[PDB]
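Visitor: So here's input-v5.pdb, just PDB, C-alpha atoms and all ligand atoms:
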ATOM      1  CA  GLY A   1     140.670  65.042  93.653  1.00  0.00           C
ATOM      2  CA  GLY A   2     140.973  68.701  92.573  1.00  0.00           C
ATOM      3  CA  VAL A   3     141.095  68.412  88.764  1.00  0.00           C
ATOM      4  CA  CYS A   4     139.404  70.352  85.955  1.00  0.00           C
ATOM      5  CA  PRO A   5     138.520  69.097  82.462  1.00  0.00           C
ATOM      6  CA  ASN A   6     140.694  71.680  80.673  1.00  0.00           C
ATOM      7  CA  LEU A   7     143.601  71.379  83.107  1.00  0.00           C
ATOM      8  CA  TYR A   8     146.008  70.910  80.185  1.00  0.00           C
ATOM      9  CA  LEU A   9     146.332  74.640  79.425  1.00  0.00           C
ATOM     10  CA  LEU A  10     148.974  77.307  79.920  1.00  0.00           C
ATOM     11  CA  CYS A  11     147.673  79.628  82.620  1.00  0.00           C
ATOM     12  CA  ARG A  12     149.050  82.879  84.074  1.00  0.00           C
ATOM     13  CA  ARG A  13     147.154  82.689  87.388  1.00  0.00           C
ATOM     14  CA  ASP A  14     144.413  80.613  89.054  1.00  0.00           C
ATOM     15  CA  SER A  15     141.704  82.797  87.458  1.00  0.00           C
ATOM     16  CA  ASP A  16     143.249  82.044  84.041  1.00  0.00           C
ATOM     17  CA  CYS A  17     141.945  78.467  83.846  1.00  0.00           C
ATOM     18  CA  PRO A  18     138.378  77.119  84.229  1.00  0.00           C
ATOM     19  CA  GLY A  19     136.928  75.145  87.123  1.00  0.00           C
ATOM     20  CA  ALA A  20     137.990  75.041  90.768  1.00  0.00           C
ATOM     21  CA  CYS A  21     141.719  74.732  90.077  1.00  0.00           C
ATOM     22  CA  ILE A  22     144.959  76.606  90.786  1.00  0.00           C
ATOM     23  CA  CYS A  23     147.784  77.412  88.356  1.00  0.00           C
ATOM     24  CA  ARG A  24     151.456  76.434  88.619  1.00  0.00           C
ATOM     25  CA  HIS A  25     154.273  78.269  86.812  1.00  0.00           C
ATOM     26  CA  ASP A  26     155.071  74.989  85.041  1.00  0.00           C
ATOM     27  CA  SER A  27     151.971  75.392  82.834  1.00  0.00           C
ATOM     28  CA  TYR A  28     149.900  72.924  84.840  1.00  0.00           C
ATOM     29  CA  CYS A  29     146.420  73.786  86.063  1.00  0.00           C
ATOM     30  CA  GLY A  30     144.901  71.817  88.960  1.00  0.00           C
ATOM     31  CA  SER A  31     145.743  70.300  92.331  1.00  0.00           C
ATOM     32  CA  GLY A  32     145.245  66.534  92.355  1.00  0.00           C
ATOM     33  CA  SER A  33     145.237  66.466  96.160  1.00  0.00           C
ATOM     34  CA  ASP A  34     141.756  65.403  97.300  1.00  0.00           C
TER      35      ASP A  34
ATOM     36  CA  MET B 424     150.608  85.356  72.349  1.00  0.00           C
ATOM     37  CA  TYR B 425     153.478  86.030  74.728  1.00  0.00           C
ATOM     38  CA  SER B 426     154.624  89.590  75.299  1.00  0.00           C
ATOM     39  CA  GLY B 427     157.857  89.889  77.263  1.00  0.00           C
ATOM     40  CA  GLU B 428     161.264  89.887  75.576  1.00  0.00           C
ATOM     41  CA  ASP B 429     163.216  88.703  78.667  1.00  0.00           C
ATOM     42  CA  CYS B 430     161.208  85.501  78.379  1.00  0.00           C
ATOM     43  CA  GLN B 431     162.357  84.837  74.785  1.00  0.00           C
ATOM     44  CA  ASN B 432     164.845  82.255  76.076  1.00  0.00           C
ATOM     45  CA  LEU B 433     161.953  80.311  77.679  1.00  0.00           C
ATOM     46  CA  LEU B 434     159.596  80.843  74.704  1.00  0.00           C
ATOM     47  CA  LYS B 435     161.797  78.863  72.302  1.00  0.00           C
ATOM     48  CA  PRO B 436     160.127  75.797  70.713  1.00  0.00           C
ATOM     49  CA  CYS B 437     161.244  72.222  71.397  1.00  0.00           C
ATOM     50  CA  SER B 438     165.022  72.540  71.016  1.00  0.00           C
ATOM     51  CA  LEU B 439     165.470  68.957  69.914  1.00  0.00           C
ATOM     52  CA  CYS B 440     162.690  69.062  67.333  1.00  0.00           C
ATOM     53  CA  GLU B 441     162.005  72.739  66.436  1.00  0.00           C
ATOM     54  CA  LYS B 442     159.073  71.262  64.497  1.00  0.00           C
ATOM     55  CA  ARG B 443     156.605  71.851  67.274  1.00  0.00           C
ATOM     56  CA  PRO B 444     156.302  74.125  70.326  1.00  0.00           C
ATOM     57  CA  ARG B 445     157.635  73.505  73.819  1.00  0.00           C
ATOM     58  CA  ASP B 446     154.580  71.638  75.156  1.00  0.00           C
ATOM     59  CA  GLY B 447     156.598  69.210  77.280  1.00  0.00           C
ATOM     60  CA  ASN B 448     157.134  70.409  80.800  1.00  0.00           C
ATOM     61  CA  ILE B 449     158.835  68.343  83.505  1.00  0.00           C
ATOM     62  CA  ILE B 450     157.282  68.392  87.019  1.00  0.00           C
ATOM     63  CA  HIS B 451     159.499  67.595  89.976  1.00  0.00           C
ATOM     64  CA  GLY B 452     157.616  68.121  93.239  1.00  0.00           C
ATOM     65  CA  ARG B 453     156.077  71.590  93.216  1.00  0.00           C
ATOM     66  CA  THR B 454     157.913  73.148  90.281  1.00  0.00           C
ATOM     67  CA  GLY B 455     158.630  72.257  86.695  1.00  0.00           C
ATOM     68  CA  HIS B 456     160.959  73.174  83.838  1.00  0.00           C
ATOM     69  CA  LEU B 457     159.573  73.857  80.342  1.00  0.00           C
ATOM     70  CA  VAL B 458     162.328  72.392  78.125  1.00  0.00           C
ATOM     71  CA  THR B 459     161.136  70.206  75.203  1.00  0.00           C
ATOM     72  CA  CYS B 460     158.029  68.869  73.500  1.00  0.00           C
ATOM     73  CA  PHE B 461     155.834  66.274  75.259  1.00  0.00           C
ATOM     74  CA  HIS B 462     157.223  63.462  73.112  1.00  0.00           C
ATOM     75  CA  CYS B 463     160.847  64.324  73.904  1.00  0.00           C
ATOM     76  CA  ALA B 464     160.242  64.720  77.651  1.00  0.00           C
ATOM     77  CA  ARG B 465     158.722  61.213  77.753  1.00  0.00           C
ATOM     78  CA  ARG B 466     161.606  59.773  75.722  1.00  0.00           C
ATOM     79  CA  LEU B 467     164.147  61.568  77.930  1.00  0.00           C
ATOM     80  CA  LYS B 468     163.348  59.706  81.166  1.00  0.00           C
ATOM     81  CA  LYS B 469     162.991  56.451  79.217  1.00  0.00           C
ATOM     82  CA  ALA B 470     166.662  57.014  78.290  1.00  0.00           C
ATOM     83  CA  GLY B 471     167.494  57.424  82.001  1.00  0.00           C
ATOM     84  CA  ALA B 472     168.056  61.179  81.813  1.00  0.00           C
ATOM     85  CA  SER B 473     166.639  63.499  84.496  1.00  0.00           C
ATOM     86  CA  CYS B 474     165.615  67.184  83.981  1.00  0.00           C
ATOM     87  CA  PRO B 475     168.169  68.683  81.635  1.00  0.00           C
ATOM     88  CA  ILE B 476     168.331  71.845  83.753  1.00  0.00           C
ATOM     89  CA  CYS B 477     168.205  70.830  87.408  1.00  0.00           C
ATOM     90  CA  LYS B 478     168.440  67.011  87.122  1.00  0.00           C
ATOM     91  CA  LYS B 479     165.655  66.628  89.689  1.00  0.00           C
ATOM     92  CA  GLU B 480     163.646  63.446  89.143  1.00  0.00           C
ATOM     93  CA  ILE B 481     160.846  63.580  86.619  1.00  0.00           C
ATOM     94  CA  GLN B 482     157.590  62.572  88.299  1.00  0.00           C
ATOM     95  CA  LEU B 483     155.355  63.427  85.366  1.00  0.00           C
ATOM     96  CA  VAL B 484     155.014  65.400  82.169  1.00  0.00           C
ATOM     97  CA  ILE B 485     151.953  67.369  81.037  1.00  0.00           C
ATOM     98  CA  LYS B 486     150.703  67.981  77.486  1.00  0.00           C
ATOM     99  CA  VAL B 487     150.052  71.692  76.964  1.00  0.00           C
ATOM    100  CA  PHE B 488     147.998  73.083  74.055  1.00  0.00           C
ATOM    101  CA  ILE B 489     145.718  76.017  73.320  1.00  0.00           C
ATOM    102  CA  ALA B 490     142.741  73.795  72.458  1.00  0.00           C
TER     103      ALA B 490
HETATM  104 ZN    ZN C   1     163.762  70.991  86.342  1.00  0.00          ZN
HETATM  105 ZN    ZN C   2     160.778  67.395  70.813  1.00  0.00          ZN
END
Take the structure in the file and give it back as structure tokens.
Ligand SMILES: [Zn+2]
Ligand SMILES: [Zn+2]
Guide:
Amino acid sequence: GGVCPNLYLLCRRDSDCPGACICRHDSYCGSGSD
Amino acid sequence: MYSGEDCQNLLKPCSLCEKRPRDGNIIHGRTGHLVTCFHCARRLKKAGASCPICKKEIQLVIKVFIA
């Protein structure tokens, strides 16, 4: 369930996107697992 | 607001449209290729085409914006 409301943003690192989410190089923030 | 010239090949807009940025990225597993706009990426798999770069199967597409 790890999603954030503004997960649709280009991020450079995990700390580059709000909420408890991680950042992928493919410009996706979040980890939908759990 | 990008600042790295090596990246200029990645920073190109949608190549099919050039009317809008490259906000269509294709996720396959744990990686994804930024190649077109969101609308084109959706249309691409509807046409039966896989990632244009690595041809790995397109699980999903994400809509990127600075909003
Ligand atoms: Zn790919
Ligand atoms: Zn397009």
Visitor: So what do you get for atom CA of residue B:466 versus atom CA of residue A:12, distance-wise?
Guide: 27.6 Å
Visitor: List all protein, DNA and RNA residues that have an atom no more than 6 Å from any atom of ligand ZN 2 (chain C), counting all atoms listed in the file, and report them as a VMD selection string.
Guide: chain B and resid 437 439 to 440 459 to 460 462 to 463
Visitor: Given the selection you just returned, output its residues as a file containing C-alpha atoms, formatted as a tab-separated table (two decimals), keeping the file's coordinate frame.
Guide:
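Wrote out_7.tsv, looks like this:
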chain	number	residue	atom	x	y	z
B	437	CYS	CA	161.24	72.22	71.40
B	439	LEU	CA	165.47	68.96	69.91
B	440	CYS	CA	162.69	69.06	67.33
B	459	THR	CA	161.14	70.21	75.20
B	460	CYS	CA	158.03	68.87	73.50
B	462	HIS	CA	157.22	63.46	73.11
B	463	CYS	CA	160.85	64.32	73.90
Visitor: Once the PyMOL selection byres (((chain B and resi 483) around 9) and not hetatm) has been applied to the shown file, what residues remain in the selection, as an MDAnalysis selection string?
Guide: chainID B and resid 448:451 465 481:482 484:485
Visitor: Kindly provide, as JSON, numbers by chain, all nucleotide and amino acid residues lying within 10 Å of ligand ZN 1 (chain C), counting all atoms listed in the file.
Guide: {"A": [26], "B": [448, 449, 450, 451, 452, 454, 455, 456, 457, 458, 473, 474, 475, 476, 477, 478, 479, 480, 481]}
Visitor: Provide the atom CA of residue B:489 to atom CA of residue A:5 distance in Å, to one decimal place.
Guide: 13.5 Å
Visitor: Under the PyMOL selection byres (((chain A and resi 13) around 8) and not hetatm), which residues of this model are included? Write them out as a list in words.
Guide: residues 11, 12, 14, 15, 16, 17, 22, 23 and 24 of chain A
Visitor: Between atom CA of residue A:3 and atom CA of residue B:488, what is the distance in Å, rounded to a tenth?
Guide: 16.9 Å
Visitor: Quick one: apply the PyMOL selection byres (((chain A and resi 32) around 6) and not hetatm) to the file and drop the selected residues here as an MDAnalysis selection string.
Guide: chainID A and resid 1:3 31 33
Visitor: Could you list, as a PDB file with C-alpha atoms, in the frame of the given file, the residues of chain A having an atom within 10 Å of chain B when counting only C-alpha atoms?
Guide:
ATOM      1  CA  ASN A   6     140.694  71.680  80.673  1.00  0.00           C
ATOM      2  CA  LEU A   7     143.601  71.379  83.107  1.00  0.00           C
ATOM      3  CA  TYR A   8     146.008  70.910  80.185  1.00  0.00           C
ATOM      4  CA  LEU A   9     146.332  74.640  79.425  1.00  0.00           C
ATOM      5  CA  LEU A  10     148.974  77.307  79.920  1.00  0.00           C
ATOM      6  CA  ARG A  24     151.456  76.434  88.619  1.00  0.00           C
ATOM      7  CA  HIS A  25     154.273  78.269  86.812  1.00  0.00           C
ATOM      8  CA  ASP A  26     155.071  74.989  85.041  1.00  0.00           C
ATOM      9  CA  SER A  27     151.971  75.392  82.834  1.00  0.00           C
ATOM     10  CA  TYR A  28     149.900  72.924  84.840  1.00  0.00           C
ATOM     11  CA  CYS A  29     146.420  73.786  86.063  1.00  0.00           C
TER      12      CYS A  29
END
Visitor: Please determine an axis-aligned box that encloses all atoms of stretch 477-483 of chain B listed in the file, with 4 Å added on each side, and express its centre and edge lengths in Å to one decimal as lines of an AutoDock Vina configuration file.
Guide:
center_x = 161.9
center_y = 66.7
center_z = 87.5
size_x = 21.1
size_y = 16.3
size_z = 12.3
